[PDB]
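Asker: Structure for the following, please:
(chains A, B, C, D, E, F, G, H, I and J)
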Amino acid sequence: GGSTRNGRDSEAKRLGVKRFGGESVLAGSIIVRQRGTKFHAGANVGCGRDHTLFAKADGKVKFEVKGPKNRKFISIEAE
Amino acid sequence: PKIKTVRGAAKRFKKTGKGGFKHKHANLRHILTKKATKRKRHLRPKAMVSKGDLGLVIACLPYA
Amino acid sequence: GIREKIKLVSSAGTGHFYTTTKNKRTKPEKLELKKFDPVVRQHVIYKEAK
Amino acid sequence: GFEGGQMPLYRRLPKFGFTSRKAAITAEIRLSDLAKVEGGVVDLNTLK
RNA sequence: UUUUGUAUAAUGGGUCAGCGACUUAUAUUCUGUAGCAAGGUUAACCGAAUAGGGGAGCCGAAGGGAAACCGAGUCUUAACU
RNA sequence: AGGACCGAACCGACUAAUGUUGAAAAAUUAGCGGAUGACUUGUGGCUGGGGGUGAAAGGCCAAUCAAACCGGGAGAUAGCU
RNA sequence: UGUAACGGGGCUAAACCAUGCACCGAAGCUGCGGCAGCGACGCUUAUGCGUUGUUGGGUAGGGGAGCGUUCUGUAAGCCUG
RNA sequence: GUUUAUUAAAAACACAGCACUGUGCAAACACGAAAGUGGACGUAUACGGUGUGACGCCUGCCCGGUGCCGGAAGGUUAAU
RNA sequence: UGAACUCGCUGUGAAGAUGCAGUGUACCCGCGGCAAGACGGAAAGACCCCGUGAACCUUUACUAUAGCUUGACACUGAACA
RNA sequence: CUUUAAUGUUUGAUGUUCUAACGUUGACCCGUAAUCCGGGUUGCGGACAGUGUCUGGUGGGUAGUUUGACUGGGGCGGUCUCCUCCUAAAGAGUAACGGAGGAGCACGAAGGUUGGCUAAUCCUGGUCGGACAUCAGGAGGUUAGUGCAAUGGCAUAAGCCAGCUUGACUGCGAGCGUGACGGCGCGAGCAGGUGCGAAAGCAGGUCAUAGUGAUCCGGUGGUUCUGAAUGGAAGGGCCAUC
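Answerer: Numbers count the residues shown, from 1 in each chain, chains lettered A, B, ... in the order given. Take a look at the structure below.
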């Protein structure tokens, strides 16, 4: 394989930054190989098989500096 | 000379009243067991061209 | 296609087969896998791949 | 169909056959046609 | 004329006077305007003749569906959804 | 007796000066190879462009050659000056 | 290759460093004459006058609008021995 | 001797002699909508064709690979 | 053969300028010669490279065929080993 | 059901012989005291040959055509689609023939669901024991492990272990993420039915990302949508597939 081969981009993005928006549902996060390093609060679910922090009700994103470790809380609630 | 409808488009599309062309779409003829079940449940219903994707198609289909 | 695909019929044999990703190339094992028969819309036993 | 490369779009898509051949022998009328007809009966018998 | 850049020992000028290189129909989409408008238009052709006549055909006015089949509705199917 | 052999014409165009919009589509000058022969030359004719003719050179074929001349297909074709 | 590693002279201060006030310094700023466009304020609705404000170098391409040239009609007219 | 018209004039090409594979005569060989004609008015001591190279005297090895001849022992096997 | 009444050095430089900047020099026009220049005048570089271009040549690469050949067939009848 | 001969016989081949098919590079006569040629008379060959024709084989002798791209030039080597980390700039967009490892498949479990558990490594003790394996104790550890590369998570484990078990589900889908598009990735939830759990509750596989060719063609199995005069049929369309 490499060098080079490089493994170009790997589809890696940050997506959810600041208050954000969605019509009725939203992803909350997209960052891969992530389970509980960003923890679920409000109208969402914890990250697993698809790496998203998916929210089933229209909400605005709120970010905490602390959680159970590490494991900082990412809150999604209606405004 | 009377201007010809292109065979490449004429035998692949169905017309409408409001505009846009209706068609069966690809990926539903060849080796079905190897393809995803959710994908096969999404390709079973037929597809359509909307007015924003239509200019390229009437450049092959001139007539009513 | 190096997968030699198998197709089974329901307990009653009626309608079409059920095509499955279950392999026969690599291991001899039980072919009964219990699947949906859409003439009865019920989960039933499936038989004979020939 | 040419768009610089990567093939014309219609060459990716499946064919549609099975013709019906009745439209060229079918008429379409609104309620204000054949509406008087000298008091007679509307039937498609022997139009020639 | 060209080029990142040419006074360029780069391609081109000896001179007077002339020559020397872009058509519109069939089909169509949007635009402009003209006649008429849910209608508009006849082709070839007849004709006193460029008047009048010629609506076959064409486009538009109602769609959905592989098609059969339904219609301001309609397809998909066990399908209400 | 002899494709012996010297030497002109006769057939060539090897040496050096010269010419190459020339005396010239290759000869002006003096030499040089062959010089009754597998020689040359006057007259008449035969073999024809995917076809001839070469002790046969990718030589020659009427100013034209890894393929002659003419008009027509023809305003071939040119992602280019 | 020859004045030729401030272009050169002057200059042991007329160089070097930074300091204090003055002056010179564009086609622009700014004043005026003129024009087109956008918009106000005062007077007036042939429609202008008065004042203030403001934009006006534009090439691949996208829009607006004149002056000549020729034919055809005007032209049974108008100019001409 | 022959020679590449105007850039090598020869170690290039050509006759000698040798070898080999074909060819029984309506030969093999050759050009041709095909007669016909050339081979030849010739006869295997003749003729075709490819090598090598006058002369004197000579010419070691390999048949697995390539081609060709007979078989297809053994394989693979068309048409109809 | 655009305009020519075409000096040397050094700088500037599509950087190897007669011609832009500075500086040293130079009577004008001929003629018979001299020959360091005017990248002299001649050749819309020949060199090499790029090109899915064109051609020729290698060849059981792809495709078609002349000729060869088993079979089927027409001229076509009868017998025996 | 063997291997084979003769009696009978189907169909070929080689050879001989006859000649009511066809050849004569045989002669003579007439045209005509014509070494062209036809006719005429007579000999010799003979289904061999000859000429054309169709299907298979062979066959540059002849004619047309093809022979991908990158490569800080050519050439040996590297490379063209898919995974992963740094280069990569503390939004967005991202390069090199820069630094460095992999894929073109496997698994019926390493799965679903309910209930339990926790590593590495080193020393000492111990033995069928010239060196691995299983263990006991002590120090020490979310550093072991995960079907495979790499990457990060992972104990409330997604790492291994037992019961039951196959959701490695059908039909639908609001949509959510992405690239210029084709196309790629993720999917709430509804409806059908089965499975786990005492139950609240949960299951559209695997710890996630690579494991694969758009379409045209024809085949394969159902249907009764179509089907040139029309009742069947051929062929197509749908349904289900290769």
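Asker: Could you state which residue of the chain sits nearest its centroid?
Answerer: You didn't say which chain, so I picked chain A. For chain A, residue A:29 is the residue whose C-alpha lies nearest the centre (Cα atoms, centre = their mean; 1.9 Å).
Asker: To clarify, I was referring to chain C.
Answerer: Nearest to chain C centroid, counting by Cα atoms, centre = their mean: residue C:8, 3.2 Å.
Asker: Any residue of the longest helix seen in chain B touching RNA strand J?
Answerer: Secondary structure of chain B per DSSP state H: the longest helix is helix B:37-43. Yes: residues of helix B:37-43 contacting RNA strand J under Cβ under 7 Å from any atom of the strand: B:37-42. Bear in mind the C-beta positions are built from the backbone N, C-alpha and C, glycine included.
Asker: Let's have those residues in TSV, adding neighbour count and distance to RNA strand E.
Answerer: Output for these, formatted as TSV (neighbours: other Cβ atoms under 10 Å in any protein chain shown; distance: Cβ to the nearest atom of the strand, whole Å):
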residue	neighbour count	distance to RNA strand E
B:37	9	14
B:38	8	14
B:39	11	17
B:40	13	13
B:41	9	10
B:42	10	13
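Asker: And the residues you listed, which is closest to residue B:18?
Answerer: Distance to residue B:18, by Cβ to Cβ, is smallest for residue B:42 among the residues of helix B:37-43 next to RNA strand J, at 24.4 Å.
Asker: Residue B:47 - nearest residue in space that isn't next to it in sequence?
Answerer: residue B:25 (3.9 Å; Cβ to Cβ, 6 or more residues apart in numbering or on different chains).
Asker: Look up phi and psi at the closest residue to RNA strand E within chain A.
Answerer: With Cβ to the nearest atom of the strand, the shortest gap between chain A and RNA strand E falls at residue A:24, namely 17.7 Å. When read as degrees, to the nearest 10, the backbone of residue A:24 gives phi -130, psi -30.
Asker: how close does the residue nearest to residue B:47 get to residue D:42?
Answerer: The gap separating residue B:25 from residue D:42 is 43 Å, by Cβ to Cβ, to the nearest Å.
Asker: higher neighbour count, these two?
Answerer: Neighbours were counted for residue B:25 and for residue D:42 using other Cβ atoms under 10 Å in any protein chain shown; residue B:25 has more, 15 against 9.
Asker: Test my guess that the residue of chain A closest to RNA strand E contacts residue A:59.
Answerer: No: contact criterion Cβ atoms under 8 Å: residue A:24 and residue A:59 do not qualify, at 10.2 Å.
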